[PDB]
Amino acid sequence: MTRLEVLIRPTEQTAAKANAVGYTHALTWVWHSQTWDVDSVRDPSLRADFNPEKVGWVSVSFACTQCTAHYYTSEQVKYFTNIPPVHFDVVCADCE
Amino acid sequence: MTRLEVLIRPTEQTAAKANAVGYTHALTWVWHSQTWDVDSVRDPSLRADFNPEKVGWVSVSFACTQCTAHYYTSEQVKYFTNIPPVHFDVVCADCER
Ligand SMILES: [Zn+2]
Ligand SMILES: [Zn+2]
Ligand SMILES: [Zn+2]
């Protein structure tokens with residue numbers, strides 16, 4: 001399977017806190033299959049609220065725009081919360 | 001991010017052909033989140049039909065018996081086909097507690 005890299009950095013609201021502890025980005029790998037290797041699936045760069053007391057979830061959903069093929073995956077991210085959800089509504093590998 | 005390894009070896013009815021070409025097993029893997037880091041989720045070992053011209057899917061499903069947490073992944077495996085579906089019907093990490 002293929003990996004997608006997700007970059008998460010602080011919202012402006014939490015940037016001072018994140019810089020104070022010295023923790024200014026998270027990088028998360030998300031795995032998916034060949035179905036979803038397509039040009040429209042690009043590595044996301046997200047903004048979320050840094051909080052050294054919390055653990056948030058990054059969720060990435062894939063859905064084909066022609067067929068009914070879909071996939072959902074989610075991973076924990078230490079110290080970031082209110083991570084926006086990622087959606088790839090694309091033409092799948094096969095449908096292309 | 002936890003790797004789950006899946007070992008696939010030939011059924012009795014296909015093992016001779018697999019030995020003939022010297023391809024005795026496939027080791028594949030999928031990934032799952034912290035939700036499914038529980039004792040009853042363990043690397044499976046499966047028997048499937050060796051076939052020299054096919055590519056099969058192995059599917060791995062997770063579902064909690066207490067809440068409705070669930071997860072489905074799959075991976076392609078060269079030369080093995082009719083791979084048994086793997087099902088982890090378990091108590092998830094949130095429901096353990
Ligand atoms: Zn499609
Ligand atoms: Zn689903
Ligand atoms: Zn549960």
Side-chain angles (χ1 to χ4, degrees), chain A residues 1-6 8 26 28-44 46 48 53-96, chain B residues 1-6 8 28-44 46 48 54-78 80-96:
Chain A
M1 37 204 329
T2 309
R3 115 230 156 293
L4 186 73
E5 310 215 73
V6 178
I8 294 162
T28 306
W29 273 15
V30 147
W31 295 102
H32 60 85
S33 80
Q34 308 317 297
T35 315
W36 309 108
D37 285 307
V38 171
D39 283 31
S40 232
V41 172
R42 291 136 313 178
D43 293 334
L46 310 177
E53 308 302 339
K54 300 261 197 147
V55 183
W57 292 86
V58 62
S59 297
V60 182
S61 83
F62 298 81
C64 181
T65 218
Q66 310 293 252
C67 66
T68 201
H70 75 286
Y71 181 66
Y72 176 93
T73 192
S74 73
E75 174 56 14
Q76 278 187 327
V77 185
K78 280 181 150 58
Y79 317 134
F80 282 100
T81 58
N82 305 313
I83 303 167
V86 180
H87 300 296
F88 289 114
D89 297 303
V90 299
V91 180
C92 80
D94 317 329
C95 278
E96 170 199 58
Chain B
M1 194 52 78
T2 306
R3 188 196 297 254
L4 183 92
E5 302 205 345
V6 181
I8 295 158
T28 187
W29 63 90
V30 301
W31 306 88
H32 67 76
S33 73
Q34 295 76 7
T35 302
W36 310 105
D37 289 327
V38 295
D39 279 30
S40 45
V41 169
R42 298 165 169 285
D43 294 333
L46 307 172
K54 314 286 292 195
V55 174
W57 287 104
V58 62
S59 73
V60 186
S61 306
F62 303 74
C64 187
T65 56
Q66 303 303 289
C67 67
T68 55
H70 65 279
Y71 173 64
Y72 174 92
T73 16
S74 65
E75 179 63 296
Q76 316 194 246
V77 185
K78 287 183 172 170
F80 280 100
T81 208
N82 305 320
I83 303 172
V86 180
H87 288 299
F88 289 112
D89 298 307
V90 300
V91 178
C92 81
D94 304 303
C95 287
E96 274 181 335

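Chain A is the first sequence line, chain B the second, and so forth, proteins listed ahead of strands; every chain is numbered from 1. Counting starts at 1 for both ligands and their atoms, following the listed order.
- Listed by chain and residue number, the protein N/O/S atoms under 2.8 Å of the Zn ion (ligand 1) are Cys64(A) SG, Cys67(A) SG, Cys92(A) SG, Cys95(A) SG, with waters left out.
- Partners of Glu5(A) according to the salt bridge (charged side-chain N to carboxylate O under 4.0 Å, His left out) rule, which considers only residues two or more places apart in sequence or in another chain, are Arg3(A).
- Looking at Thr2(A) and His32(A), their side chains never bring a donor and an acceptor atom within 3.5 Å of each other.
- For the atom pair CG (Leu4(A)) and CH2 (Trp29(A)), the distance works out to 11.0 Å, reported to the nearest 0.5 Å.
- In terms of the ring pair (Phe, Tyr, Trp, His ring centres under 6.0 Å) criterion, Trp57(B) has no residue partners (sequence neighbours excluded).
- Side-chain contact check for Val6(A) versus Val86(A): every heavy-atom pair is 4.5 Å or farther apart.
- Take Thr81(A) and apply the side-chain contact (heavy atoms from CB on, under 4.5 Å) test, not counting sequence neighbours, and it matches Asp49(A), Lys54(A).
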